[PDB]
$ cat upload_23.pdb   # PDB, C-alpha atoms
ATOM      1  CA  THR A  99     107.057  84.572  93.363
ATOM      2  CA  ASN A 100     110.709  85.624  93.349
ATOM      3  CA  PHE A 101     111.993  89.163  93.866
ATOM      4  CA  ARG A 102     114.866  91.088  95.420
ATOM      5  CA  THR A 103     115.194  93.868  97.973
ATOM      6  CA  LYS A 104     116.570  97.275  97.043
ATOM      7  CA  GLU A 105     120.273  98.041  97.318
ATOM      8  CA  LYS A 106     121.403 100.617  99.845
ATOM      9  CA  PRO A 107     123.028 103.548  98.000
ATOM     10  CA  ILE A 108     126.694 103.723  98.995
ATOM     11  CA  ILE A 109     129.560 105.978  97.945
ATOM     12  CA  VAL A 110     131.872 103.999  95.670
ATOM     13  CA  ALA A 111     134.223 106.711  94.404
ATOM     14  CA  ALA A 112     134.226 110.460  94.913
ATOM     15  CA  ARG A 113     136.380 113.345  93.729
ATOM     16  CA  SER A 114     136.177 117.060  92.988
ATOM     17  CA  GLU A 115     137.510 118.633  89.798
ATOM     18  CA  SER A 116     137.755 122.278  88.783
ATOM     19  CA  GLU A 117     137.684 123.137  85.108
ATOM     20  CA  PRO A 118     140.812 125.112  84.110
ATOM     21  CA  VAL A 119     139.562 128.385  82.633
ATOM     22  CA  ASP A 120     141.942 130.691  80.800
ATOM     23  CA  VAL A 121     141.367 133.589  83.222
ATOM     24  CA  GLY A 122     141.848 131.977  86.620
ATOM     25  CA  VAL A 123     140.449 128.656  87.840
ATOM     26  CA  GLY A 124     136.862 127.552  87.376
ATOM     27  CA  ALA A 125     134.586 126.555  90.217
ATOM     28  CA  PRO A 126     135.339 122.996  91.391
ATOM     29  CA  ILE A 127     132.686 120.329  90.894
ATOM     30  CA  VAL A 128     132.531 117.190  93.028
ATOM     31  CA  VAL A 129     132.141 114.023  90.948
ATOM     32  CA  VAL A 130     130.841 111.053  92.937
ATOM     33  CA  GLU A 131     130.377 107.447  91.825
ATOM     34  CA  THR A 132     127.638 105.638  93.737
ATOM     35  CA  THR A 133     125.734 102.363  93.551
ATOM     36  CA  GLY A 134     122.440 101.339  95.123
ATOM     37  CA  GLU A 135     118.693 101.824  94.858
ATOM     38  CA  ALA A 136     116.787 104.866  96.117
ATOM     39  CA  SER A 137     113.901 107.034  94.950
ATOM     40  CA  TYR A 138     115.957 110.114  95.829
ATOM     41  CA  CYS A 139     119.213 110.708  97.672
ATOM     42  CA  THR A 140     120.379 113.373 100.111
ATOM     43  CA  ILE A 141     124.122 114.024 100.329
ATOM     44  CA  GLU A 142     125.636 116.049 103.166
ATOM     45  CA  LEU A 143     129.235 116.995 103.888
ATOM     46  CA  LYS A 144     130.918 117.755 107.213
ATOM     47  CA  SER A 145     134.196 119.659 107.345
ATOM     48  CA  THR A 146     137.094 117.768 108.905
ATOM     49  CA  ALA A 147     138.944 120.955 109.890
TER      50      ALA A 147
ATOM     51  CA  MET B   1      63.146  82.946  85.299
ATOM     52  CA  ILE B   2      66.802  82.638  86.288
ATOM     53  CA  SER B   3      67.696  85.724  88.299
ATOM     54  CA  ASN B   4      70.294  86.863  85.748
ATOM     55  CA  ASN B   5      69.684  90.584  85.942
ATOM     56  CA  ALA B   6      71.905  92.988  84.052
ATOM     57  CA  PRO B   7      75.106  93.878  85.947
ATOM     58  CA  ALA B   8      74.988  97.107  87.920
ATOM     59  CA  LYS B   9      76.133 100.224  86.087
ATOM     60  CA  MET B  10      79.922 100.230  86.375
ATOM     61  CA  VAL B  11      81.517 103.661  86.802
ATOM     62  CA  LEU B  12      85.132 104.396  85.914
ATOM     63  CA  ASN B  13      86.794 105.397  89.176
ATOM     64  CA  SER B  14      89.911 107.062  87.762
ATOM     65  CA  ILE B  15      92.143 106.881  84.702
ATOM     66  CA  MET B  16      95.799 107.743  84.134
ATOM     67  CA  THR B  17      97.213 108.295  80.644
ATOM     68  CA  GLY B  18     100.802 107.773  79.541
ATOM     69  CA  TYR B  19     102.521 107.446  76.168
ATOM     70  CA  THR B  20     101.281 103.970  75.197
ATOM     71  CA  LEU B  21     100.351 102.440  78.570
ATOM     72  CA  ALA B  22      97.494 103.792  80.660
ATOM     73  CA  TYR B  23      95.999 103.167  84.091
ATOM     74  CA  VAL B  24      92.235 102.624  84.252
ATOM     75  CA  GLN B  25      90.350 102.097  87.510
ATOM     76  CA  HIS B  26      86.889 100.521  87.608
ATOM     77  CA  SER B  27      84.265 100.100  90.303
ATOM     78  CA  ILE B  28      83.318  96.928  92.182
ATOM     79  CA  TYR B  29      81.025  94.099  91.062
ATOM     80  CA  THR B  30      78.284  92.266  92.955
ATOM     81  CA  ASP B  31      76.540  89.758  90.656
ATOM     82  CA  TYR B  32      77.693  86.182  91.208
ATOM     83  CA  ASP B  33      77.198  85.132  87.567
ATOM     84  CA  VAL B  34      79.441  87.849  86.101
ATOM     85  CA  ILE B  35      82.688  86.210  85.013
ATOM     86  CA  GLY B  36      84.450  88.660  82.685
ATOM     87  CA  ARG B  37      85.157  92.310  82.005
ATOM     88  CA  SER B  38      84.918  94.023  78.626
ATOM     89  CA  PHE B  39      86.026  97.470  77.516
ATOM     90  CA  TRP B  40      85.398  99.621  74.444
ATOM     91  CA  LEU B  41      87.979 102.246  73.493
ATOM     92  CA  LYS B  42      86.750 104.509  70.694
ATOM     93  CA  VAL B  43      89.390 106.472  68.803
ATOM     94  CA  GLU B  44      88.132 108.641  65.924
ATOM     95  CA  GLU B  45      85.153 106.541  64.781
ATOM     96  CA  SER B  46      86.266 102.928  65.267
ATOM     97  CA  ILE B  47      85.903 101.314  68.693
ATOM     98  CA  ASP B  48      88.290  98.665  70.005
ATOM     99  CA  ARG B  49      86.807  95.959  72.228
ATOM    100  CA  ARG B  50      89.231  94.824  74.935
ATOM    101  CA  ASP B  51      87.970  91.993  77.137
ATOM    102  CA  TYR B  52      89.526  90.549  80.282
ATOM    103  CA  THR B  53      88.264  87.618  82.336
ATOM    104  CA  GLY B  54      90.056  88.737  85.506
ATOM    105  CA  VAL B  55      87.715  90.491  87.941
ATOM    106  CA  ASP B  56      89.749  90.346  91.170
ATOM    107  CA  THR B  57      91.537  93.620  90.312
ATOM    108  CA  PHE B  58      89.801  96.990  90.492
ATOM    109  CA  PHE B  59      91.945  98.302  87.620
ATOM    110  CA  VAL B  60      92.899  97.245  84.095
ATOM    111  CA  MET B  61      95.991  97.877  81.965
ATOM    112  CA  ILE B  62      95.645  99.327  78.457
ATOM    113  CA  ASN B  63      98.498  99.283  75.944
ATOM    114  CA  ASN B  64      98.947  99.923  72.223
ATOM    115  CA  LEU B  65      97.981 103.588  72.534
ATOM    116  CA  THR B  66      99.332 106.283  70.246
ATOM    117  CA  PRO B  67     101.046 109.044  72.261
ATOM    118  CA  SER B  68      99.622 112.560  71.955
ATOM    119  CA  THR B  69      96.238 111.168  70.947
ATOM    120  CA  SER B  70      92.762 111.545  72.423
ATOM    121  CA  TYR B  71      90.546 108.532  73.074
ATOM    122  CA  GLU B  72      87.036 107.691  74.239
ATOM    123  CA  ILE B  73      86.595 104.635  76.452
ATOM    124  CA  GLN B  74      83.677 102.505  77.604
ATOM    125  CA  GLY B  75      83.596  99.355  79.695
ATOM    126  CA  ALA B  76      81.143  96.706  80.813
ATOM    127  CA  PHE B  77      81.000  93.431  82.728
ATOM    128  CA  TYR B  78      79.592  90.291  81.131
ATOM    129  CA  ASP B  79      78.341  87.096  82.740
ATOM    130  CA  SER B  80      78.584  83.507  81.504
ATOM    131  CA  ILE B  81      75.214  83.513  79.731
ATOM    132  CA  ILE B  82      75.882  86.593  77.588
ATOM    133  CA  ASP B  83      78.067  85.645  74.626
ATOM    134  CA  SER B  84      80.497  87.691  72.547
ATOM    135  CA  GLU B  85      77.875  88.234  69.841
ATOM    136  CA  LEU B  86      75.757  90.228  72.276
ATOM    137  CA  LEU B  87      78.972  91.979  73.329
ATOM    138  CA  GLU B  88      79.395  93.353  69.813
ATOM    139  CA  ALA B  89      75.649  93.987  69.785
ATOM    140  CA  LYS B  90      76.074  95.641  73.216
ATOM    141  CA  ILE B  91      72.655  94.265  74.174
ATOM    142  CA  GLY B  92      71.636  93.497  77.740
ATOM    143  CA  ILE B  93      74.544  95.293  79.423
ATOM    144  CA  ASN B  94      74.936  98.442  81.515
ATOM    145  CA  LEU B  95      77.503 100.386  79.506
ATOM    146  CA  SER B  96      79.725 102.731  81.478
ATOM    147  CA  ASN B  97      79.559 106.437  80.731
ATOM    148  CA  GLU B  98      81.835 107.421  77.862
ATOM    149  CA  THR B  99      85.029 109.106  79.062
ATOM    150  CA  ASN B 100      87.425 111.221  77.004
ATOM    151  CA  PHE B 101      91.130 111.680  77.705
ATOM    152  CA  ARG B 102      94.461 112.103  75.945
ATOM    153  CA  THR B 103      97.798 110.308  75.999
ATOM    154  CA  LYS B 104     100.955 112.008  77.229
ATOM    155  CA  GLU B 105     103.223 113.900  74.851
ATOM    156  CA  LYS B 106     106.708 112.568  74.235
ATOM    157  CA  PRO B 107     109.262 115.141  75.456
ATOM    158  CA  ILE B 108     111.250 116.391  72.464
ATOM    159  CA  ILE B 109     114.002 118.974  72.076
ATOM    160  CA  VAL B 110     112.526 122.061  70.424
ATOM    161  CA  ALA B 111     115.383 124.554  70.744
ATOM    162  CA  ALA B 112     118.738 124.309  72.478
ATOM    163  CA  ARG B 113     121.688 126.632  72.992
ATOM    164  CA  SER B 114     124.517 127.302  75.429
ATOM    165  CA  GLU B 115     125.354 130.759  76.763
ATOM    166  CA  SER B 116     128.219 131.903  78.968
ATOM    167  CA  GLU B 117     127.712 134.937  81.157
ATOM    168  CA  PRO B 118     130.352 137.612  80.410
ATOM    169  CA  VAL B 119     132.131 138.280  83.703
ATOM    170  CA  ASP B 120     134.469 141.239  84.049
ATOM    171  CA  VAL B 121     137.491 139.051  84.873
ATOM    172  CA  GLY B 122     137.437 136.441  82.121
ATOM    173  CA  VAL B 123     134.439 134.493  80.820
ATOM    174  CA  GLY B 124     131.869 132.807  83.024
ATOM    175  CA  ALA B 125     131.017 129.135  82.828
ATOM    176  CA  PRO B 126     128.690 128.425  79.880
ATOM    177  CA  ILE B 127     125.167 127.219  80.609
ATOM    178  CA  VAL B 128     123.138 125.225  78.092
ATOM    179  CA  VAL B 129     119.602 126.575  77.662
ATOM    180  CA  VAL B 130     117.195 124.064  76.122
ATOM    181  CA  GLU B 131     113.576 124.554  75.070
ATOM    182  CA  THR B 132     111.537 121.350  75.206
ATOM    183  CA  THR B 133     107.909 120.281  74.936
ATOM    184  CA  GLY B 134     106.197 117.083  76.037
ATOM    185  CA  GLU B 135     104.977 115.217  79.099
ATOM    186  CA  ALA B 136     107.189 113.247  81.485
ATOM    187  CA  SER B 137     107.458 112.688  85.228
ATOM    188  CA  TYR B 138     111.212 113.261  84.969
ATOM    189  CA  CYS B 139     113.665 113.600  82.102
ATOM    190  CA  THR B 140     117.211 112.366  81.547
ATOM    191  CA  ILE B 141     119.380 114.321  79.107
ATOM    192  CA  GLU B 142     122.657 112.924  77.783
ATOM    193  CA  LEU B 143     125.183 114.396  75.370
ATOM    194  CA  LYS B 144     127.615 112.633  73.037
ATOM    195  CA  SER B 145     130.628 114.456  71.628
ATOM    196  CA  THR B 146     130.728 114.711  67.841
ATOM    197  CA  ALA B 147     134.524 115.086  67.738
ATOM    198  CA  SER B 148     134.926 111.326  68.244
ATOM    199  CA  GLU B 149     132.375 108.778  67.056
ATOM    200  CA  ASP B 150     133.313 106.644  70.084
ATOM    201  CA  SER B 151     132.029 109.320  72.474
ATOM    202  CA  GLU B 152     129.260 108.187  74.802
ATOM    203  CA  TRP B 153     126.006 109.905  75.713
ATOM    204  CA  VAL B 154     127.418 111.440  78.885
ATOM    205  CA  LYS B 155     124.805 112.319  81.497
ATOM    206  CA  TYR B 156     124.464 116.067  82.047
ATOM    207  CA  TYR B 157     121.055 116.641  83.656
ATOM    208  CA  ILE B 158     118.584 114.258  85.272
ATOM    209  CA  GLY B 159     115.441 115.640  86.845
ATOM    210  CA  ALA B 160     111.945 116.915  86.200
ATOM    211  CA  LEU B 161     110.898 117.882  82.685
ATOM    212  CA  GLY B 162     110.513 121.586  81.995
ATOM    213  CA  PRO B 163     110.289 123.889  78.979
ATOM    214  CA  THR B 164     113.229 125.930  80.311
ATOM    215  CA  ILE B 165     116.335 123.862  81.067
ATOM    216  CA  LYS B 166     119.583 125.412  82.309
ATOM    217  CA  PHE B 167     122.689 123.452  83.269
ATOM    218  CA  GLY B 168     126.451 123.802  83.091
ATOM    219  CA  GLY B 169     129.653 121.821  83.486
ATOM    220  CA  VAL B 170     129.774 121.000  79.764
ATOM    221  CA  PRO B 171     133.336 121.233  78.387
ATOM    222  CA  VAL B 172     133.926 123.432  75.362
ATOM    223  CA  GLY B 173     133.539 121.454  72.160
ATOM    224  CA  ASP B 174     131.087 119.889  69.735
ATOM    225  CA  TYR B 175     128.450 117.493  71.041
ATOM    226  CA  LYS B 176     125.100 115.957  70.158
ATOM    227  CA  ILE B 177     122.072 116.196  72.440
ATOM    228  CA  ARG B 178     119.251 113.707  72.951
ATOM    229  CA  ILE B 179     116.388 113.475  75.432
ATOM    230  CA  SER B 180     114.412 110.626  76.992
ATOM    231  CA  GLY B 181     111.134 110.739  78.897
ATOM    232  CA  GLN B 182     109.934 108.621  81.811
ATOM    233  CA  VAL B 183     106.529 108.153  83.455
ATOM    234  CA  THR B 184     105.742 105.865  86.394
ATOM    235  CA  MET B 185     102.301 104.329  86.847
ATOM    236  CA  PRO B 186     100.879 104.791  90.391
ATOM    237  CA  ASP B 187     101.879 101.236  91.344
ATOM    238  CA  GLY B 188     105.494 102.418  91.453
ATOM    239  CA  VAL B 189     106.712  99.254  89.708
ATOM    240  CA  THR B 190     105.280  99.940  86.244
ATOM    241  CA  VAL B 191     107.173 102.703  84.426
ATOM    242  CA  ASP B 192     106.384 104.094  80.965
ATOM    243  CA  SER B 193     109.036 105.596  78.684
ATOM    244  CA  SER B 194     108.694 107.832  75.633
ATOM    245  CA  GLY B 195     111.890 106.547  74.022
ATOM    246  CA  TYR B 196     114.879 108.587  72.916
TER     247      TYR B 196
ATOM    248  CA  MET C   1      78.851  68.040 104.904
ATOM    249  CA  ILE C   2      79.476  71.652 105.907
ATOM    250  CA  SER C   3      80.139  73.610 102.730
ATOM    251  CA  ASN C   4      83.680  74.531 103.815
ATOM    252  CA  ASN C   5      85.382  74.287 100.453
ATOM    253  CA  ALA C   6      89.004  75.293 100.065
ATOM    254  CA  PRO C   7      89.467  79.050  99.514
ATOM    255  CA  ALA C   8      89.820  80.136  95.904
ATOM    256  CA  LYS C   9      93.359  80.291  94.549
ATOM    257  CA  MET C  10      94.718  83.661  95.657
ATOM    258  CA  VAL C  11      96.999  85.400  93.153
ATOM    259  CA  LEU C  12      99.540  88.040  94.142
ATOM    260  CA  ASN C  13      98.450  91.212  92.365
ATOM    261  CA  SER C  14     101.685  93.195  92.664
ATOM    262  CA  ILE C  15     104.697  93.475  94.951
ATOM    263  CA  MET C  16     107.097  96.323  95.701
ATOM    264  CA  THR C  17     110.491  95.718  97.311
ATOM    265  CA  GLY C  18     112.468  98.163  99.428
ATOM    266  CA  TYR C  19     115.410  97.837 101.811
ATOM    267  CA  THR C  20     113.640  96.112 104.718
ATOM    268  CA  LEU C  21     109.979  97.022 104.128
ATOM    269  CA  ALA C  22     108.063  95.755 101.113
ATOM    270  CA  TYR C  23     104.636  96.258  99.564
ATOM    271  CA  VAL C  24     102.663  93.119  98.701
ATOM    272  CA  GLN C  25      99.255  93.205  97.023
ATOM    273  CA  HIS C  26      96.871  90.242  97.141
ATOM    274  CA  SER C  27      93.621  89.409  95.390
ATOM    275  CA  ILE C  28      90.099  89.444  96.835
ATOM    276  CA  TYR C  29      88.365  86.776  98.930
ATOM    277  CA  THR C  30      84.848  85.356  98.674
ATOM    278  CA  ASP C  31      84.366  82.550 101.226
ATOM    279  CA  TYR C  32      82.435  83.654 104.304
ATOM    280  CA  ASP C  33      84.249  81.272 106.678
ATOM    281  CA  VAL C  34      87.752  82.534 105.845
ATOM    282  CA  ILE C  35      88.949  84.645 108.764
ATOM    283  CA  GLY C  36      92.722  85.033 108.389
ATOM    284  CA  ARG C  37      95.553  85.446 105.920
ATOM    285  CA  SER C  38      98.840  83.548 105.978
ATOM    286  CA  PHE C  39     102.031  84.067 104.006
ATOM    287  CA  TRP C  40     105.184  82.019 103.433
ATOM    288  CA  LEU C  41     108.407  83.834 102.550
ATOM    289  CA  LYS C  42     111.178  81.425 101.562
ATOM    290  CA  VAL C  43     114.727  82.766 101.677
ATOM    291  CA  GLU C  44     117.491  80.286 100.794
ATOM    292  CA  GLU C  45     115.901  77.057 102.072
ATOM    293  CA  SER C  46     113.979  78.091 105.198
ATOM    294  CA  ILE C  47     110.466  79.506 104.839
ATOM    295  CA  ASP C  48     109.020  82.101 107.209
ATOM    296  CA  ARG C  49     105.293  81.882 107.935
TER     297      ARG C  49
END

$ encode --input "upload_23.pdb" --output "structure tokens"
Amino acid sequence: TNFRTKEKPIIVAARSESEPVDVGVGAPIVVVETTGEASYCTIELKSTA
Amino acid sequence: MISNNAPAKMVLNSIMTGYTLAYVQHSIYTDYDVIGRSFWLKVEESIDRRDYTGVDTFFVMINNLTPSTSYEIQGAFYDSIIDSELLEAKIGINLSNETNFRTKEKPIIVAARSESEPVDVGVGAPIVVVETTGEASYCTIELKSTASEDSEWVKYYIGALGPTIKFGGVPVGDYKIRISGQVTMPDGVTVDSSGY
Amino acid sequence: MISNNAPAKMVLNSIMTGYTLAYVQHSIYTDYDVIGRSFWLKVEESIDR
């Protein structure tokens, strides 16, 4: 029998974009492109400041 | 006489129902002469006889089931001596107790709308509120813009299925909405879908 | 001779693959003299027993 192991989810591309609202600036939303295999993923961020 | 007693009364351990595929668990067997397994699924009045020679697995897979439909199931184990004619006659076998169940409902979009909270300074981000009914382990919802026919079904919410669905981030415009259901059988490798 | 026939052909019921751990399901056994289970995983050319 032939099979294949799961792929580790890795961060391919990531960016944050805020929708331009007429009155001010909308809340930014981080858009991340990832590849891999996982039942569920946990993403954490650490400030570099 | 040859010690070919009737097989011991088989009891359905557990059953899982999906859209068209279903998980059925059956008890163990002890007679050495038993070589095959037979099952009787009764919908409305007619009964379908599904037979499987494999006995090494404590569970069987059932397909070709109409979603959102109730069924009655029976099963039995047959030896080499008992033929198929007696199987239709159901003579000389220990029939399992009849069990009733129902297939899962395909998640469909009942009502859908998008509302933006009115903030004092400007207009808040709109949130799409969708009313849906059906059964699914988790649901994936994609939207395709109607302004351009080349628009793709952009992902907007993936998660558990619920009658009340709220999500934002949708740009202002005209779009189509479609839903897809997904159910995974306890093996974790077999997954049932309700389509789009 | 001693009725030590070869064990019945074992069929892999189901297999699940992860990152490094994997689930493998195997069929039942009937011979009384069988005492152990062996497996052969072949990656590329080499096979691990």

$ atom_distance --input "upload_23.pdb" --atom1 "CA of residue 161 (chain B)" --atom2 "CA of residue 136 (chain B)"
6.1 Å

$ closest_residue --input "upload_23.pdb" --among "A:140, A:100, A:132, A:116" --to "chain B" --atoms "all atoms listed in the file"
A:116

$ closest_atom_pairs --input "upload_23.pdb" --of "chain A" --to "chain B" --cutoff "8 Å" --atoms "only C-alpha atoms" --output "Markdown table"
| residue | atom | partner | partner_atom | distance |
| --- | --- | --- | --- | --- |
| A:120 | CA | B:122 | CA | 7.4 |
| A:121 | CA | B:122 | CA | 5.0 |
| A:122 | CA | B:122 | CA | 7.7 |
| A:124 | CA | B:125 | CA | 7.6 |

$ write_last_selection --input "upload_23.pdb" --atoms "C-alpha atoms" --output "PDB file, in the frame of the given file"
ATOM      1  CA  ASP A 120     141.942 130.691  80.800  1.00  0.00           C
ATOM      2  CA  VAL A 121     141.367 133.589  83.222  1.00  0.00           C
ATOM      3  CA  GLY A 122     141.848 131.977  86.620  1.00  0.00           C
ATOM      4  CA  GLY A 124     136.862 127.552  87.376  1.00  0.00           C
TER       5      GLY A 124
END

$ interface_residues --input "upload_23.pdb" --of "chain B" --to "chain C" --cutoff "7 Å" --atoms "all atoms listed in the file" --output "mmCIF file with C-alpha atoms, keeping the file's coordinate frame"
data_model
loop_
_atom_site.group_PDB
_atom_site.id
_atom_site.type_symbol
_atom_site.label_atom_id
_atom_site.label_comp_id
_atom_site.auth_asym_id
_atom_site.auth_seq_id
_atom_site.Cartn_x
_atom_site.Cartn_y
_atom_site.Cartn_z
ATOM 1 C CA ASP B 56 89.749 90.346 91.170
ATOM 2 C CA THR B 57 91.537 93.620 90.312
ATOM 3 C CA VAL B 189 106.712 99.254 89.708
#

$ resolve_selection --input "upload_23.pdb" --expression "the ChimeraX specification (/A :<10) & /C" --output "PyMOL selection string"
chain C and resi 12+15-22+41-43

$ write_last_selection --input "upload_23.pdb" --atoms "C-alpha atoms" --output "PDB file, in the frame of the given file"
ATOM      1  CA  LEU C  12      99.540  88.040  94.142  1.00  0.00           C
ATOM      2  CA  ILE C  15     104.697  93.475  94.951  1.00  0.00           C
ATOM      3  CA  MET C  16     107.097  96.323  95.701  1.00  0.00           C
ATOM      4  CA  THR C  17     110.491  95.718  97.311  1.00  0.00           C
ATOM      5  CA  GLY C  18     112.468  98.163  99.428  1.00  0.00           C
ATOM      6  CA  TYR C  19     115.410  97.837 101.811  1.00  0.00           C
ATOM      7  CA  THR C  20     113.640  96.112 104.718  1.00  0.00           C
ATOM      8  CA  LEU C  21     109.979  97.022 104.128  1.00  0.00           C
ATOM      9  CA  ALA C  22     108.063  95.755 101.113  1.00  0.00           C
ATOM     10  CA  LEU C  41     108.407  83.834 102.550  1.00  0.00           C
ATOM     11  CA  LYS C  42     111.178  81.425 101.562  1.00  0.00           C
ATOM     12  CA  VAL C  43     114.727  82.766 101.677  1.00  0.00           C
TER      13      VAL C  43
END

$ atom_distance --input "upload_23.pdb" --atom1 "CA of residue 73 (chain B)" --atom2 "CA of residue 102 (chain B)"
10.9 Å
